[PDB]
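Undergrad: One structure is given below, represented as structure tokens, and several questions about it will come after.
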Amino acid sequence: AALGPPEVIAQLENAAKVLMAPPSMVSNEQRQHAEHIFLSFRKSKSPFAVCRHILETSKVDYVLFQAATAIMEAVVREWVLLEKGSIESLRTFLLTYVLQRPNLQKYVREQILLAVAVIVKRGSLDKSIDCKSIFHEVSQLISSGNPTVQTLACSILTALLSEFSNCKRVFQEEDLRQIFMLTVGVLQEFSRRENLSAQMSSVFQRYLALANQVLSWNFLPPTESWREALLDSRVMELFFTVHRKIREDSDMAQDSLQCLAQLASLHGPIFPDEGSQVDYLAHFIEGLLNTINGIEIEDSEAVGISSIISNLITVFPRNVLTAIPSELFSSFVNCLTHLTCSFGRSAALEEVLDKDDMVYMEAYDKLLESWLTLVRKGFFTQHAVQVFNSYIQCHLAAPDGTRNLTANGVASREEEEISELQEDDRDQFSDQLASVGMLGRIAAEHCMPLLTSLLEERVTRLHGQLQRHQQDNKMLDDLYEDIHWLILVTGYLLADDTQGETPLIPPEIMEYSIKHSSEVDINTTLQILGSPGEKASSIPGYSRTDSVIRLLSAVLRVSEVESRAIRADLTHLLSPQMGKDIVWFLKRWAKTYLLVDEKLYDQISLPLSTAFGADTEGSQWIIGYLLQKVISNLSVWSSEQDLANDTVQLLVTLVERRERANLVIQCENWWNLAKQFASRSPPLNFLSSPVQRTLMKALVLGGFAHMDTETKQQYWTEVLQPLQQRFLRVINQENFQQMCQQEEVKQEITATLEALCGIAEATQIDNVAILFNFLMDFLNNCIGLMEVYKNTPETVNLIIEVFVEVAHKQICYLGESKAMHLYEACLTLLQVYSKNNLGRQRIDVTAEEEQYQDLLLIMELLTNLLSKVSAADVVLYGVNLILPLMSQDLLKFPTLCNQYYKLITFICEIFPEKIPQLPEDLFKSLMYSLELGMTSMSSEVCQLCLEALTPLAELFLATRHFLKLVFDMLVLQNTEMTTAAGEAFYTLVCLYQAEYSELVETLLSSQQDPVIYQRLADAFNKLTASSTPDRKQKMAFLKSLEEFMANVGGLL
Amino acid sequence: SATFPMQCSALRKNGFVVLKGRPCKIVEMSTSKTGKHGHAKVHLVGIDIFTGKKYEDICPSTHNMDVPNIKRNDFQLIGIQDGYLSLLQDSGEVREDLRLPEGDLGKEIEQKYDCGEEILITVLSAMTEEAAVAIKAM
Amino acid sequence: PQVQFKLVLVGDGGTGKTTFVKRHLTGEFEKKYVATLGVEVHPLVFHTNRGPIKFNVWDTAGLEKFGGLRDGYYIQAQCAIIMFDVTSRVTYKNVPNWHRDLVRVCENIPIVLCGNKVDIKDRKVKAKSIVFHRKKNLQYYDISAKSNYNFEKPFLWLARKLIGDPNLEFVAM
Ligand SMILES: Nc1nc2c(ncn2[C@@H]2O[C@H](COP(=O)(O)OP(=O)(O)OP(=O)(O)O)[C@@H](O)[C@H]2O)c(=O)[nH]1
Ligand SMILES: [Mg+2]
């Protein structure tokens, strides 16, 4: 841009007035013209003097902003051309410019300080401008008493901090420490002086926040300098006092408390030994308790305090926690309990008040998390009782609890519409429920009778309320919420999640049952467990029953209430949420308190051995009871997808481990569930597709349990035989084409295919060769079905889905011959699909959607085919068949695009020799796909292609064409620098050195001023010097490409 | 025939349903509940399989919705009679009742018909309406 | 004197910004991905118990190549929405960068963080892992552009903060 003419400044200011005008009044041609004016101005060569003139003359803040941006981009673009004196003169010009204009617009000031920080960091990359000069200027700026100049220095430090986030680490060890010490000193001087002015309080705010950002820097290095900076007690006491002074600001309080939490999170090797951790932790707990006990927590401090406490408990190891004075530890845990219950009640109030900013729920969550980390003879028992009772009180309805109490009793407001995406309470509050469960374990002697009493009372109340609802509408939902939270707490109290291993009976529960096993008559206990229909209070001596089994019997009694409501037409009055709770609970019970293996415990109590043992009739009763539960839910709960899927999952839990499947298959309800499902009766056909798939998986899974040959043939001929008979009879109904469209046939074929997906999903190591031989015939018939349902998209997609299921689940266990048969079937299916969809053109009604789904499933099929005669030739036939279906618009579906490029790039990297052996159109389509992936689309796709070029360098015309593209990727301007880009660049450079020297010389000839030609010449010469026509040959070529990019990346 | 009832919860996200009287392909199907313990209600929205207009409805689960019986057939084009497609089934029958579709597809039919190519036409019969929707050429 | 605010929509490319706005506007969800070039300003009207409010949401470009003026669009912005993909962790790692740029050009304007695509099964960024809501002017929401999930939440919160009435609620016209 010209320096002087009025047209330059006029263009910039007019463009600014256009871009800042209300967007609905400016045409897009004018907008794009203005932003082209600014963008082209910022790309000009050496606009430094021009931008100086603009900053000194223009009065339009937008133009000043864009000028600072121009300096910022040009100083990095032309860094190698500028002298150190001119660069430093520019930096000082920006600093003094913003310094002499205190009323300058904020974003202009911050943009200029960003230019300064960029100049400084860029000077750190080339070791040109050290940080100590800007640090000395900042120190002199702070030494003056002017609050505006102090604010300016704090702004410069914040800019340096943000810009530096080898260079980053060298900044971390040295310069960040000096910044932290400046900020700490400022905070000391501000904490000493009393009564700050209106501006001094703002400088205090900005420097406190600066300390907050300094401490929150990612990975502070563990050096003795940072040791002397952080481990000094005057810093801890400094931030404690500072928080105590500005406590009522509600804004500086958060910065100070976040500083203190960050100081509490120290854990790395910065601690030289284990004793310094004890001293640091002890002093920190001292200052924290002294601060808390003489302070009202208020609202803005809750999350900060809780975060400090949970930081101390979670970060420092337990041996260091127990090495502090015992009185200090006791005061710390007492404070933890007090704040836990207070924050609990406050959060329970925040729920019913429906406030927009939830503060006490976060803090209470942090405190319960720290409880779980801390607890995991009996020391915390009193505290565990207090926190447990506070949780039960905060989650129980109006009469016995404060869940819906607002000191008034308004019971919240209207019911909030809950989406299906909303997580269930047992997931969202999983950490809190686990913590409260553990606290309930160490204090089981009090907690378990409490849960049993509450569950029995709520059970009777629900029975009476449901009987009354046949002859207080909110009272029923409050009761449902009570039973809800009680079931959750009990579940997390009696067992664990683990999710990877076999869950055992928690040791506290087994110990409580062993210690009291002499005070309990196991006969009355089995009467309480065996009779979940009648009240526990009316039984011969219910008081002498095992408390654990009485609690499990309480939730079981809830399950009986629900089931009896199902027996009547009261299913509409029940809560599907409570159904999910009971099903989840029984699922957890089945994994822990069913068929207990005595080899997994040192000692098992007699009540828990006789009722839940291996060969006991108690387990045979519980397993059939859960079966009846699954039959009830699957009979009425079709409309509630969550409850249905959780129910069928409970079924799978009853059939997975053989120890349970051997006992579940002897039940009549299992076989009549098999017949009822295979009959497609009215009640079970209302279930969704995944529920029926899972049900099929459970039945097939049950078919491999202990059976004699008679009931084996009966079982297989009662489960899999109706599928073969109905399917084969339908495809033999004297119909080859005409009758398939009718719903009586299409719905049956759909049901058969879904069932096949279930069978494939039931595959295990001992299922293959049996399930596979059963599915192969169905596949060979699915070929003809593919030929018959050409124009039926959903059925084609479903068939492909069964092929994807079988190929995914079974090919890892198959041999070679079976995998060859599966390969032939898949290749034939893709042949039919390609034959029917080759030159087909459709109108609308989401045809692109349907072909997108089909192609996605096909891509997954080819991938699972590449999981395991050359194993990969059939995949080449597949991509050859479906490649013409890959339109440019179908690649705009990012999932399909990613899958396709992952597949073809995997084929190009591994087994690259088969690529030249492909036909002409296949090779051209692949090469064009690679070029399109490199030149456009996603960065992941571009990196995948660049990764596919290196194992493809070892026909040659496309590889020579790639050299120009990779040269434009790096030497010219996607703009992502990558190691794979450097490796592909190296291999393509050493391959065809003639086109390489042609392109390098062509670029070196088209230059303007020889000053750029000289450094470009030295750069390319240093590139050819390291190349000198793999490992050692490219390892240095990568570092020389890094130096090249760091010396030529600006020259753009 | 014409339509068969199906519980709303069982509707496939990939399937079809009758909305406000028109047969539609379901394009979005989301479930919600009024209370925490409230029963599920489904929000359906689908595209008219013929006109292409967007029809949506919100009805509770467990309630029965009408699902249209969809048929799609392939005839080979053997004539164009004043604007009525003369279509040949693989059974030998010829149907001259279906008109020519408007838009670029009818233009493709006339162009590829005057050029003499063997053109396969896929006609979509839903409830009471029938229309040619696809073209396949070799 | 119509009540209107400037909202800047920022985030990594492909997080579902244009999807969020367009579904908020027409009601159709586009599965195809067409990258935004520069910015596209869309007016959005919400009828509240205190009258209508207009958010001129500036749908900005995620990819740096299509950035246009990028932070230049943030000037005189009154509120912001930062979006990331909960299924793509890198889009979450970049959230503090967007926050930095907004806080540089603007200052203490209220910003809402939105984790999009919560309808996808494999979720990499957990909800409890967020510390961005710990501020008087910052807030986080779980949204799904497909299922129209928590769509009105950022606009209702931002309206409550910009007007200053926590009792403000959205009503039907
Ligand atoms: N599953 C799912 N996909 C979504 C959601 N929102 C958007 N998408 C998809 O994500 C992809 C990207 O969506 P876009 O809105 O175009 O992305 P963007 O915010 O405009 O990104 P840029 O224009 O590059 O800045 C598209 O394929 C959308 O269909 C969602 O909530 N769930
Ligand atoms: Mg966009």
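Labels for the structure tokens follow display order: chains A, B, ..., residues from 1 in each chain, ligands from 1.
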For ligand 1, list the contacting residues at 7 Å or closer, counting only C-alpha atoms and all ligand atoms, as a PyMOL selection string.

TA: (chain A and resi 893-894) or (chain C and resi 11-20+29-37+60-63+116-120+143-147)

Undergrad: Hey, can you spit out that residue selection with N, CA, C and O atoms as a tab-separated table (two decimals), in the first residue's frame?

TA:
```tsv
chain	number	residue	atom	x	y	z
A	893	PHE	N	-20.70	-36.13	3.16
A	893	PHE	CA	-21.06	-36.76	4.42
A	893	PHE	C	-19.76	-37.10	5.14
A	893	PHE	O	-19.07	-38.05	4.74
A	894	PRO	N	-19.40	-36.37	6.20
A	894	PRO	CA	-18.06	-36.55	6.78
A	894	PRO	C	-17.78	-37.96	7.28
A	894	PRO	O	-16.63	-38.41	7.20
C	11	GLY	N	-15.91	-21.36	17.05
C	11	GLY	CA	-15.60	-22.75	17.34
C	11	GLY	C	-14.82	-23.37	16.21
C	11	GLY	O	-14.71	-22.82	15.11
C	12	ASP	N	-14.28	-24.55	16.50
C	12	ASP	CA	-13.53	-25.30	15.49
C	12	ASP	C	-14.44	-25.67	14.32
C	12	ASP	O	-15.66	-25.77	14.45
C	13	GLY	N	-13.82	-25.88	13.17
C	13	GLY	CA	-14.58	-26.20	11.97
C	13	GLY	C	-15.25	-27.55	12.09
C	13	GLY	O	-14.62	-28.54	12.50
C	14	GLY	N	-16.52	-27.61	11.73
C	14	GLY	CA	-17.24	-28.87	11.76
C	14	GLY	C	-17.82	-29.24	13.10
C	14	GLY	O	-18.20	-30.40	13.30
C	15	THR	N	-17.92	-28.29	14.03
C	15	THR	CA	-18.54	-28.57	15.32
C	15	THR	C	-20.05	-28.42	15.30
C	15	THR	O	-20.71	-28.79	16.28
C	16	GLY	N	-20.62	-27.92	14.20
C	16	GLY	CA	-22.06	-27.80	14.10
C	16	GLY	C	-22.61	-26.42	14.42
C	16	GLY	O	-23.71	-26.31	14.97
C	17	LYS	N	-21.87	-25.37	14.08
C	17	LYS	CA	-22.37	-24.01	14.30
C	17	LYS	C	-23.48	-23.68	13.31
C	17	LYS	O	-24.61	-23.34	13.70
C	18	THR	N	-23.18	-23.78	12.01
C	18	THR	CA	-24.18	-23.52	10.98
C	18	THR	C	-25.38	-24.45	11.13
C	18	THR	O	-26.51	-24.06	10.85
C	19	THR	N	-25.14	-25.69	11.57
C	19	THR	CA	-26.24	-26.61	11.83
C	19	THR	C	-27.11	-26.10	12.97
C	19	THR	O	-28.34	-26.09	12.88
C	20	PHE	N	-26.47	-25.67	14.06
C	20	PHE	CA	-27.18	-25.12	15.21
C	20	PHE	C	-28.09	-23.96	14.80
C	20	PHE	O	-29.29	-23.96	15.09
C	29	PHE	N	-32.46	-30.37	9.51
C	29	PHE	CA	-31.10	-30.75	9.85
C	29	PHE	C	-30.40	-31.28	8.60
C	29	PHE	O	-30.85	-32.27	8.01
C	30	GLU	N	-29.31	-30.63	8.21
C	30	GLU	CA	-28.53	-31.03	7.04
C	30	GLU	C	-27.39	-31.93	7.50
C	30	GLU	O	-26.55	-31.51	8.30
C	31	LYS	N	-27.37	-33.16	6.99
C	31	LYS	CA	-26.31	-34.09	7.35
C	31	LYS	C	-25.00	-33.79	6.62
C	31	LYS	O	-23.93	-34.10	7.13
C	32	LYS	N	-25.08	-33.18	5.44
C	32	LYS	CA	-23.87	-32.83	4.71
C	32	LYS	C	-23.17	-31.65	5.38
C	32	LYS	O	-23.80	-30.82	6.04
C	33	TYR	N	-21.85	-31.58	5.21
C	33	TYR	CA	-21.01	-30.56	5.82
C	33	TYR	C	-20.49	-29.63	4.73
C	33	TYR	O	-19.68	-30.03	3.89
C	34	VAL	N	-20.94	-28.38	4.76
C	34	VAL	CA	-20.47	-27.33	3.86
C	34	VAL	C	-19.85	-26.24	4.71
C	34	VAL	O	-20.54	-25.56	5.49
C	35	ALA	N	-18.54	-26.06	4.58
C	35	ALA	CA	-17.80	-25.14	5.43
C	35	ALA	C	-18.22	-23.70	5.18
C	35	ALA	O	-18.38	-23.27	4.03
C	36	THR	N	-18.39	-22.95	6.27
C	36	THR	CA	-18.72	-21.53	6.17
C	36	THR	C	-17.51	-20.73	5.70
C	36	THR	O	-16.37	-21.02	6.08
C	37	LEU	N	-17.76	-19.73	4.86
C	37	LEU	CA	-16.72	-18.82	4.40
C	37	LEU	C	-16.92	-17.48	5.11
C	37	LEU	O	-17.93	-16.81	4.90
C	60	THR	N	-19.66	-17.72	12.28
C	60	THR	CA	-18.30	-17.55	11.77
C	60	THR	C	-17.72	-18.89	11.34
C	60	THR	O	-18.23	-19.96	11.67
C	61	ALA	N	-16.61	-18.81	10.61
C	61	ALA	CA	-15.96	-19.97	10.02
C	61	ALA	C	-14.96	-20.60	10.98
C	61	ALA	O	-14.21	-19.90	11.65
C	62	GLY	N	-14.97	-21.93	11.03
C	62	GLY	CA	-14.04	-22.65	11.89
C	62	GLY	C	-12.65	-22.83	11.31
C	62	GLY	O	-11.66	-22.57	11.99
C	63	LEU	N	-12.56	-23.25	10.05
C	63	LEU	CA	-11.25	-23.48	9.44
C	63	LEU	C	-10.51	-22.16	9.29
C	63	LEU	O	-11.09	-21.14	8.91
C	116	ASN	N	-21.50	-29.88	21.49
C	116	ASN	CA	-22.47	-30.34	20.51
C	116	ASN	C	-22.26	-31.82	20.19
C	116	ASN	O	-21.25	-32.43	20.54
C	117	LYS	N	-23.27	-32.39	19.52
C	117	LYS	CA	-23.25	-33.78	19.06
C	117	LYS	C	-23.26	-34.76	20.23
C	117	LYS	O	-22.65	-35.83	20.17
C	118	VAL	N	-23.98	-34.41	21.31
C	118	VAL	CA	-24.13	-35.32	22.43
C	118	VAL	C	-25.01	-36.51	22.09
C	118	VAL	O	-25.12	-37.44	22.89
C	119	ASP	N	-25.63	-36.51	20.90
C	119	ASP	CA	-26.43	-37.62	20.43
C	119	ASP	C	-25.60	-38.79	19.90
C	119	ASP	O	-26.17	-39.85	19.63
C	120	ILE	N	-24.29	-38.61	19.75
C	120	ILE	CA	-23.41	-39.67	19.28
C	120	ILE	C	-22.97	-40.51	20.47
C	120	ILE	O	-22.67	-39.98	21.54
C	143	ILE	N	-25.68	-29.64	24.20
C	143	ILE	CA	-26.65	-29.46	23.13
C	143	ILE	C	-26.42	-30.52	22.05
C	143	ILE	O	-25.33	-31.08	21.91
C	144	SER	N	-27.48	-30.78	21.29
C	144	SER	CA	-27.42	-31.63	20.11
C	144	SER	C	-28.17	-30.92	18.99
C	144	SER	O	-29.38	-30.72	19.10
C	145	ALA	N	-27.45	-30.55	17.93
C	145	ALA	CA	-28.08	-29.83	16.83
C	145	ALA	C	-29.10	-30.69	16.10
C	145	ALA	O	-30.08	-30.16	15.56
C	146	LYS	N	-28.89	-32.01	16.05
C	146	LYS	CA	-29.87	-32.91	15.48
C	146	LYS	C	-31.20	-32.82	16.21
C	146	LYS	O	-32.18	-32.28	15.68
C	147	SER	N	-31.22	-33.32	17.44
C	147	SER	CA	-32.46	-33.56	18.18
C	147	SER	C	-33.07	-32.29	18.76
C	147	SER	O	-34.05	-32.39	19.51
```

Undergrad: Give me every strand (DSSP E or B) residue in chain B, going by DSSP on the backbone, as a PyMOL selection string.

TA: chain B and resi 3-7+16-19+22-33+40-48+54-60+64-68+71-81+84-88+94-95+99+119-125+130-137

Undergrad: Can you tell me which residues surround range 661-668 of chain A at a distance of at most 10 Å, considering only C-alpha atoms, apart from same-chain residues fewer than 5 positions away, and format the answer as a PyMOL selection string?

TA: chain A and resi 619-621+623-624+626-628+651-656+673-674+698-699+701-707+711+715

Undergrad: Find the spatial neighbours of range 774-779 of chain A, counting only C-alpha atoms, within a cut-off of 9 Å - ignore same-chain residues fewer than 5 positions away - and output them as a list in words.

TA: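 In the requested form, the answer reads residues 720, 724, 727, 753, 756, 759, 760, 769, 799, 802, 803, 806, 821, 822, 825, 826 and 829 of chain A.
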
Undergrad: Please, could you write that set of residues out with C-alpha atoms as a PDB file, in the first residue's frame?

TA:
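What landed in selection.pdb:
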```pdb
ATOM      1  CA  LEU A 720     -33.554 -71.676  15.400  1.00  0.00           C
ATOM      2  CA  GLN A 724     -35.282 -71.543   9.034  1.00  0.00           C
ATOM      3  CA  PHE A 727     -37.768 -67.941   6.120  1.00  0.00           C
ATOM      4  CA  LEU A 753     -32.956 -60.471   9.201  1.00  0.00           C
ATOM      5  CA  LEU A 756     -29.981 -63.016  12.215  1.00  0.00           C
ATOM      6  CA  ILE A 759     -27.610 -64.493  16.358  1.00  0.00           C
ATOM      7  CA  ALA A 760     -24.439 -62.909  14.981  1.00  0.00           C
ATOM      8  CA  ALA A 769     -18.375 -72.891  13.278  1.00  0.00           C
ATOM      9  CA  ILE A 799     -29.287 -57.284   4.470  1.00  0.00           C
ATOM     10  CA  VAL A 802     -26.484 -58.629   8.622  1.00  0.00           C
ATOM     11  CA  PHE A 803     -23.392 -59.139   6.455  1.00  0.00           C
ATOM     12  CA  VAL A 806     -21.504 -61.595  10.744  1.00  0.00           C
ATOM     13  CA  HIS A 821     -16.757 -68.679   1.863  1.00  0.00           C
ATOM     14  CA  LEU A 822     -17.671 -65.461   3.686  1.00  0.00           C
ATOM     15  CA  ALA A 825     -20.620 -64.285  -0.277  1.00  0.00           C
ATOM     16  CA  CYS A 826     -19.668 -60.660   0.397  1.00  0.00           C
ATOM     17  CA  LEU A 829     -23.518 -59.384  -2.642  1.00  0.00           C
TER      18      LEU A 829
END
```

Undergrad: Using only C-alpha atoms, determine which residues lie at most 8 Å from range 156-161 of chain C, disregarding the query and same-chain residues fewer than 3 positions distant; provide the list as a PDB file with C-alpha atoms, in the first residue's frame.

TA:
```
ATOM      1  CA  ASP A 356     -29.725 -20.600  36.537  1.00  0.00           C
TER       2      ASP A 356
ATOM      3  CA  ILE C  53     -35.460  -9.952  21.685  1.00  0.00           C
ATOM      4  CA  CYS C  79     -22.265 -11.826  23.559  1.00  0.00           C
ATOM      5  CA  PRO C 110     -21.114 -13.230  28.623  1.00  0.00           C
ATOM      6  CA  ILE C 111     -20.036 -16.356  26.742  1.00  0.00           C
ATOM      7  CA  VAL C 112     -21.804 -19.725  26.599  1.00  0.00           C
ATOM      8  CA  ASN C 137     -20.427 -14.402  32.929  1.00  0.00           C
ATOM      9  CA  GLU C 152     -32.997 -22.229  23.603  1.00  0.00           C
ATOM     10  CA  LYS C 153     -30.780 -22.535  26.708  1.00  0.00           C
ATOM     11  CA  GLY C 164     -30.406  -8.231  33.804  1.00  0.00           C
ATOM     12  CA  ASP C 165     -33.686 -10.013  34.631  1.00  0.00           C
ATOM     13  CA  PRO C 166     -33.195 -13.563  35.978  1.00  0.00           C
ATOM     14  CA  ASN C 167     -37.002 -13.941  35.888  1.00  0.00           C
ATOM     15  CA  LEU C 168     -37.000 -13.690  32.079  1.00  0.00           C
ATOM     16  CA  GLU C 169     -38.435 -16.744  30.314  1.00  0.00           C
ATOM     17  CA  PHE C 170     -39.240 -17.586  26.708  1.00  0.00           C
TER      18      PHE C 170
END
```
